[PDB]
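Summary of structural features
Single-letter residue listing:
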Amino acid sequence: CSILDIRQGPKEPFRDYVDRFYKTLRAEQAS
């Protein structure tokens, strides 16, 4: 891991953000 190191693509921050964002919007639609 040297040139194949700084790949740039978040997963565990960003899809424990989405699921929470999707039940936040499924309280904007209906809580």
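Residues numbered from 1 in each chain as written, not as in the entry; some residues may be left out. Heavy atoms only, no water.

1. A word on the overall build of the protein chain
Along the backbone of the protein chain there are one helix and zero strands. Along the longest, intermediate and shortest principal axes, the C-alpha atoms of the protein chain span 50 × 10 × 5 Å. Per-residue burial for the protein chain yields a buried fraction of 0% across its 31 residues. About 3500 Å² of surface is accessible on the protein chain, with carbon and sulfur atoms providing 58% of the total. Charge centroids of the protein chain, computed over 6 positive and 5 negative side chains, lie 5 Å from each other. (Helix = DSSP H or I, 4+ residues; strand = E, 2+ residues; numbered from the N terminus. Buried < 20%, exposed > 50% of the residue type's maximum accessible area, 1.4 Å probe, protein only. Areas by Shrake-Rupley, 256 points an atom, 1.4 Å probe, with all protein chains shown as cover. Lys, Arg positive; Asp, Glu negative; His and termini not counted. Charge placed at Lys NZ, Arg CZ, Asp CG, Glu CD.)

2. What about the packing of aromatic side chains?
This model, assessed by the stated rule, comprises two aromatic pairs. Judged by centre distance (6.1 Å) and plane angle (20 degrees), the ring pair of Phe14 and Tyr17 falls under stacked. Here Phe14 pairs with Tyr17, and both are found in helix α1 (residues 12–28), just three residues apart, close to one helical turn. For the pair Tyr17 and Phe21, a centre-to-centre distance of 5.0 Å together with 45 degrees between the ring planes defines the contact as tilted. Here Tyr17 and its partner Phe21 are both found in helix α1, four residues apart, which amounts to about one turn of the helix. Its relative accessible area of 48% is what places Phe21 among the partly exposed residues. Put simply, the rings of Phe14, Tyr17 and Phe21 touch in pairs and so form one group of aromatic residues. The cationic tip of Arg15 hangs over the ring face of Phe14; the distance from NZ or CZ to the ring centre is 4.1 Å. (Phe/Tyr/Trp six-rings, centres within 6.5 Å; stacked < 30°, edge-to-face > 60°. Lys NZ or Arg CZ within 6 Å of the ring centre and 35° of its normal.)

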